[PDB]
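1. structure for the following, please:
(chains A and B, ligands or ions: 7)
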Amino acid sequence: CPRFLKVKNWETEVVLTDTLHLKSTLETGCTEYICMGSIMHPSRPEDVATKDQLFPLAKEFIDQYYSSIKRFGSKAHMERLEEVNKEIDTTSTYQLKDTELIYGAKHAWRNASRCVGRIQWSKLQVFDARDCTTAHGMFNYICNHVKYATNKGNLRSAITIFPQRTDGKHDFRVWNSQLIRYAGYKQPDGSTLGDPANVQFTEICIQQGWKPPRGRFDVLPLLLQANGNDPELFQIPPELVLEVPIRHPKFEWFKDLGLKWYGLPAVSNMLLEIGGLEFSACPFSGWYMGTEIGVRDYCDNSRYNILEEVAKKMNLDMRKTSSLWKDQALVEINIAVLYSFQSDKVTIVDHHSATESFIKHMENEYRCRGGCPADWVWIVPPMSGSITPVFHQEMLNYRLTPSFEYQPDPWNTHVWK
Amino acid sequence: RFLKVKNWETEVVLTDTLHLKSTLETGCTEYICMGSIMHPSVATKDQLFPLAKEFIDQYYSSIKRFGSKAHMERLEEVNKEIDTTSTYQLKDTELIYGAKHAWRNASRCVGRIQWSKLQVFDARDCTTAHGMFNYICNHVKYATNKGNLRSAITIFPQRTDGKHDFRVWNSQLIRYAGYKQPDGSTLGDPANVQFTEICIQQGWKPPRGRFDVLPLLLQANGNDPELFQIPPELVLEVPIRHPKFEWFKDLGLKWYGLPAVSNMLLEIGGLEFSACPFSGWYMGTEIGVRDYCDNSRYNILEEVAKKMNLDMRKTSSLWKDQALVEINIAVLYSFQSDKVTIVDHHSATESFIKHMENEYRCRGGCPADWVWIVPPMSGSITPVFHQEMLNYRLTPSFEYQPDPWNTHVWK
Ligand code: HEM
Ligand code: HEM
Ligand SMILES: CN(C)CCc1cc(F)c(F)c(CCc2cccc(N)n2)c1
Ligand SMILES: CN(C)CCc1cc(F)c(F)c(CCc2cccc(N)n2)c1
Ligand SMILES: C[C@H](O)[C@H](O)[C@H]1CNc2nc(N)[nH]c(=O)c2N1
Ligand SMILES: C[C@H](O)[C@H](O)[C@H]1CNc2nc(N)[nH]c(=O)c2N1
Ligand SMILES: [Zn+2]
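-> Numbers count the residues shown, from 1 in each chain, chains lettered A, B, ... in the order given. Ligands and ions are numbered 1, 2, ... in the order given. The protein structure is shown below:
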């Protein structure tokens, strides 16, 4: 690899110089002859790291941590190295200190190349839930997380971290992909009620005993697995689920569509890797960018898919695509979503503000850290791409650790007791 | 190994085998992806014959005569020619096959469903800038066709020693001038200020308006470039108006009908065609999103949103997004009303998905650059947004080359 790589912004002419890529640790999926940059998941859950694999991964993280606190090579550094090395020898694993857990979680977010919101990465509240033993305890921790992060609409980013993987047969998992999502119900006639993306998970919940109200916006129950046991269902207390009815500043009829959305985006299916340790249950939450709701959730064809109905109430020419009736309604839907969150004082960021902040963050990271891995395909918003600054920004993508990773869906790997 | 690409809206999976045939690099490694970099960083006899043989082989494979007497004889003919001249000349049929396949292989082009319908004009007998001018005028007239646009390419002599290059100095055959103003601002197209200044330096008398068609600056056989005015009756233009906003016409906006790239290099079988202007028809967003609304181009969003009386005090009103959609409605409406070929990004991306299905079936894959294929507005309501794509480099191909004013030794 070359020692310096340059990225250019084609709107501003600013050129940045990347040296951080030299620390990349895992594969991207690309090769010298093919680029897999638009593949969503480019390449068993119970083959766990051996002692020999774990030693160097732990040292690399411990070294990175002591370098970050300006104590590299110190007595405390060498003693921590020695202590970790003994633990891996006698127990095949080790335990992070609280300071290291917090450092690791913040840097997994800092390293998340697909996240446009990383200007906030150092302001993450970390809840240590490694003492948890049961699904009931996981439920308690998650409710506390939801309440803290929601903060009556003044949302605060947060992560709750459950015990790390041991042999792979005692994993903690949140089976929900997000803490708060709406059910989807397949009808005998082939139509779908609610959110079609959640039809499979809704069916699992019903089979586990959930009684479905069968409405358009039913919050799904939590399905929580502690210590590899069978998962257990819990209803989130509805007062903890902040929701926003969607209305439009100009169209009085928009409220008559009956749309609403929840305030808290909380991803619960990712795996947190710190120092070769694997935290398979690590729900984290921020605040929404408006397009995640307005463009994807509402206007994806396989989601709520409301463009047609809004276009009809806007009385648009829907016969030919070149009228841009879809584009026109899409803007109005996203105007309504931003207006509704701001009116109810629920934190939200529009795609112009978020991408402008990301460019400033990226520039600061290039100066102070030597780079900032970024996935252009994910960072550019799903509407109005070129009128945001990130469209014109060349980006380098590479995988640093600590990191968030995908993992298999737990219903596909779980051994039912 | 076979690679799978999935559409996450339709769940269709396609299996790519065609990437196995590529040998040129992408810029990525196993550790760093460079998929959003715009440009990731003369041939001898020794390099030339394997490249020629590879191209002759795929040509005769394409016409189902691989290993034939014709194939074997062509290989021998090419081998002798590289020996005695350090180069070789393509047959007419090879030139046409190579230009069409350079288009077919252009991973950044959403228009490739049309690839085999390309009119190829052989200009390899040209020797002077006056001849280049003639050939380019014939191309423009043919491609424009009174608004019923036809895809075409004109191919000038190949590179020899690098000292006698043919070059069109214009980046596109038809473009508008840009002028740096005393008070600092820019009149016309800001993207062309430098090229405009070179034409002025070479004697072009600028009208100093907002939509002045630039002259052609033509370099033949490595000589100094010469200026030519494209005859105005050949330059088809569209005044932009809006189907509902009657004030839109008062903005005084226009564009030209013919998108004609003239600064790329065409590589076929090891040969380099440094002058190869090619042209198609516009996708609406090329004009309405990039040319008009890029902050570094005509940059008209503020003006339009003003006439729409939008609240511009805060980004979250999405006033930019509202004005952008109206501008792109106007462009499509205007070309359609004047019966000038244009495609909207919904129709174009749908066609590209169908093209991909075609290529995976008959060819085993289709190289495609998601970063460029997804339109600059309304991305996820077009089907390509949800389509995984593999990007890899096949030859024949179009390549970028340095601007001639950074290389030319002026005589
Ligand atoms: C604080 C405000 C935040 C904003 C505005 C934000 C914004 C976004 C957006 C728009 C995406 C793309 C989502 C999609 O299209 O599915 C994303 C992805 C991501 N975010 Fe952030 N995020 C925030 C907080 C966080 C936090 C607190 C974490 C972790 C501690 C995080 C980690 C990630 C990761 C790992 C991804 C990639 C997800 C994937 O590949 O599925 N983000 N973010
Ligand atoms: C016939 C209608 C065509 C349409 C609608 C179309 C559409 C497009 C668009 C929208 C782009 C992106 C360019 C940009 O954003 O600046 C592009 C790229 C490209 N087009 Fe096509 N195109 C067409 C015909 C052609 C033809 C005839 C050729 C050559 C024979 C061609 C070769 C290319 C190449 C090489 C690129 C990539 C340029 C680069 O790498 O920068 N296209 N096309
Ligand atoms: C398929 N994809 C459109 C949906 C995936 C998806 C569904 C959700 F419910 C959801 F909250 C997130 C959130 C991603 C995220 C995390 C943190 C902050 C933020 N702003 N965003 C992502
Ligand atoms: C980033 N930018 C400086 C490059 C601009 C650029 C460079 C190229 F080589 C190129 F082929 C095209 C294609 C534009 C085009 C061609 C034909 C039809 C059409 N509708 N459009 C555009
Ligand atoms: C095929 C493509 O990779 C896929 O549709 C991606 C594109 N970019 C994205 N970008 C974001 N932020 N979120 C997504 O889900 C996707 N989906
Ligand atoms: C940095 C980035 O690669 C650059 O802005 C690209 C993004 N995608 C694009 N896509 C198209 N079709 N045309 C472009 O000029 C660009 N510019
Ligand atoms: Zn890549």
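
2. how many residues are close by the residue in chain A that ligand 4 sits nearest to?
-> Closest contact between chain A and ligand 4, by C-beta to the nearest ligand atom, is at residue A:10 (7.3 Å). For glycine as for every other residue, the C-beta is placed from the backbone atoms N, C-alpha and C. The local packing of residue A:10 (other C-beta atoms under 10 Å in any protein chain shown) involves 13 other residues.

3. how about it, phi and psi?
-> phi -80, psi -10 (degrees, to the nearest 10).

4. run through the residues that contact the closest residue to it other than its chain neighbours.
-> Closest residue to residue A:10 apart from its sequence neighbours, by C-beta to C-beta, 6 or more residues apart in numbering or on different chains: residue A:392 at 4.7 Å. Applying C-beta atoms under 8 Å, 6 or more residues apart in numbering or on different chains, we find residue A:392 in contact with A:9-12, A:386.

5. if we go to 10 Å?
-> A:8-12, A:359, A:380, A:385-386, B:38, B:294-296 (C-beta atoms under 10 Å, 6 or more residues apart in numbering or on different chains).

6. same question for residue A:225.
-> A:135, A:138, A:162, A:170-175, A:231-232, A:280-281, A:410, A:414 are the contacts of residue A:225 under C-beta under 10 Å, 6+ apart.

7. how about a cut-off of 6 Å?
-> Counting by C-beta atoms under 6 Å, 6 or more residues apart in numbering or on different chains, residue A:225 touches A:173, A:231.

8. what's the answer for residue A:198, then?
-> A:181, A:183-184.

9. in the stretch 51-200 of chain A, which spans are helices?
-> Taking DSSP state H, counting those that start in this stretch as the test, the helices found in the stretch 51-200 of chain A are A:51-68, A:75-91, A:98-110, A:135-150, A:199-207.

10. list the contacts of the fourth one.
-> If I follow you right, that is helix A:135-150. A:127, A:129, A:132, A:156, A:158, A:160, A:224, A:226, A:232, A:234, A:240, A:242, A:264, A:285.

11. nearest to ligand 2 among those?
-> residue A:285 (37.0 Å).

12. tell me the bridge partners for the closest one.
-> residue A:158, residue A:266 (DSSP bridges).

13. which residues touch it?
-> Residue A:285 neighbours (C-beta under 6 Å, 6+ apart): A:149, A:158, A:264, A:266.

14. let's see that with 10 Å instead.
-> A:124-125, A:145-146, A:148-150, A:155-160, A:178-180, A:264-268.

15. out of the contacts of residue A:198, which are inside strands?
-> Cross-referencing the contacts of residue A:198 against strands under DSSP state E gives residue A:184.

16. most neighbours of all the contacts of residue A:198, which one?
-> residue A:183 (25 neighbours).

17. I figured that one was touching residue A:221, is that so?
-> Yes. Using C-beta atoms under 10 Å, residue A:183 is in contact with residue A:221, at 9.2 Å.

18. spit out the residues that contact those two alike.
-> A:202, A:205, A:210, A:212.

19. for the first one, give me its contacts.
-> It refers to residue A:202. Counted by C-beta under 10 Å, 6+ apart, residue A:202 has contacts A:181-186, A:193-196, A:210, A:212, A:214, A:218, A:220-221.

20. nearest to chain B, of those residues?
-> residue A:196 (11.3 Å; C-beta to the nearest C-beta).

21. run a quick neighbour tally on that closest one.
-> Other residues close to residue A:196 by other C-beta under 10 Å number 18.

22. which residue packs closest to residue A:104, ignoring adjacent ones?
-> Using C-beta to C-beta, 6+ apart, the nearest residue to residue A:104 is residue A:274, at 3.5 Å.

23. what does residue A:387 give?
-> residue B:320 (5.4 Å).

24. the residue of chain A closest to ligand 4 contacts residue A:395, correct?
-> No. The pair residue A:10 / residue A:395 is not scored as a contact, 12.0 Å apart, by C-beta under 10 Å.

25. counting neighbours, what do you get for the residue in the stretch 151-300 of chain A that ligand 5 sits nearest to?
-> Nearest to ligand 5, among the residues of the stretch 151-300 of chain A, is residue A:296, at 6.9 Å (C-beta to the nearest ligand atom). Residues lying near residue A:296 (other C-beta under 10 Å) number 18.

26. for ligand 6, what are the nearby residues on chain A?
-> Contact residues, chain A versus ligand 6 (C-beta under 6 Å from any ligand atom): A:10, A:391-394.

27. restrict those residues to contacts with ligand 5.
-> Checking those against ligand 5 (C-beta under 6 Å from any ligand atom), there are no matches.

28. would you turn the residues you listed into TSV with distance to ligand 3 and secondary structure?
-> TSV is the format used below for the residues of chain A next to ligand 6 (distance: C-beta to the nearest ligand atom, whole Å; DSSP: H, G, I helix; E, B strand; the rest coil):
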residue	distance to ligand 3	secondary structure
A:10	27	coil
A:391	19	helix
A:392	23	helix
A:393	20	strand
A:394	24	coil
